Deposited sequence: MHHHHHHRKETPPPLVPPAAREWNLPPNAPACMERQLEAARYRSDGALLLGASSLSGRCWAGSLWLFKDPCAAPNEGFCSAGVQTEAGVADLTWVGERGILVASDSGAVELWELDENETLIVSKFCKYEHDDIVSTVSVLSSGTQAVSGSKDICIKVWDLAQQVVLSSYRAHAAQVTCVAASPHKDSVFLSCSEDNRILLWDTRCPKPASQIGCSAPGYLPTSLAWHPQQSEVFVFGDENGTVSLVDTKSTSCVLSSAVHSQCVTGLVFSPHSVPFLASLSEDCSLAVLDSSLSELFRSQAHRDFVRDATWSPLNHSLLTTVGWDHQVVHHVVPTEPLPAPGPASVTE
């Protein structure tokens, strides 16, 4: 593994067996690169010496996500989507493909229902649908007129996904239609997207002003944060809670009515990713640019 990992923690993701995936970037100093880490013991993180796996990437991690249990999909500053895989021992992390298809930073990435395809968003304004087996772009969509901020794949639909951009458009997609995008609604720019895991025709979006909104595809909103809503993640419950991130350096946890249950100003810098543990549903792990891996006990 690398000797030391980079200060700016961008991504945090739990898989089935409760192993923590971490993405890191160096956003300051001599070298502007990034790294991927696996932590079978989550309490050990972010300590580099006491980790299961660790690898260096060419450039920074803007976003990542799991591909099943073994693979890791990565949005690079290089303008590349990168697929890494763990070995059978899960000791090393090896590059499977690194394809340079975007003309600017790849900002957002999400795995579709099948798990054989994924969708990526970039500052080059385009959105690309990938075949993870063939290692190619099936479709290149230039729907937006500004930076693609967030792309979220539908939980139980391989053809459907949300996107949002600084052109102030939230697009519902369906690749089955000959015009696959559809504009939903706005006002303040949309900055984060999350599908409701149970209710197929429901999602939530956070704006740049710190407002989290609930939307039925066929509107309820709360002023949660004092700055841009960076991320929205639903809990693994049958009646799921909504974790909300922001550049105001705080975490919130919200009910069905977007009412405040928990609050944490434990981070001293930007909160970047949240991830609920499948082992203990009440436990919630956050990462930020302060280089903290904070584990929260949510009063459920």
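In this entry, the deposited residues absent from the coordinate set span 1 to 28, 214 to 216, 250 to 253, 336 to 348.
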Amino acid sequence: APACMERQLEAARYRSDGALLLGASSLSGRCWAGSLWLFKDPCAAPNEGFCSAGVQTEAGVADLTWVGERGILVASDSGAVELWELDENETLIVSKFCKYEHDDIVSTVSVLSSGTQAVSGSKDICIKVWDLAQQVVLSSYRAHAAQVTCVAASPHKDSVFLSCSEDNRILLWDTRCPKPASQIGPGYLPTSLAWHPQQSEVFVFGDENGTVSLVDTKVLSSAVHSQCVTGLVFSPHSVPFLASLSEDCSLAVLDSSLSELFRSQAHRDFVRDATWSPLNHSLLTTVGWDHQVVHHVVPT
From here on, numbers count along this sequence of modelled residues.
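When the C-alpha B-factors of 153 to 161 and 86 to 94 are averaged, 86 to 94 comes out higher. Relative to one another, 24 to 32 and 50 to 58 have unequal mean CA B-factors, and 50 to 58 is the one with the higher figure. Based on the entry's C-alpha B-factors, the most elevated value among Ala181, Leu220, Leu189, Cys228 belongs to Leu220. Among all modelled residues in this chain, the alpha-carbon of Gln198 has a temperature factor (C-alpha) in the highest third. Ranked by C-alpha B-factor against the other modelled residues of its chain, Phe234 falls in the middle third.
Among the modelled residues of the chain, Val224 sits in the middle third by CA temperature factor in this PDB entry. In the PDB entry, a CA B factor belonging to the middle third of its chain's modelled residues is recorded for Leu9. In this PDB entry, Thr116 carries a Cα temperature factor that places it within the middle third of its chain's modelled residues.
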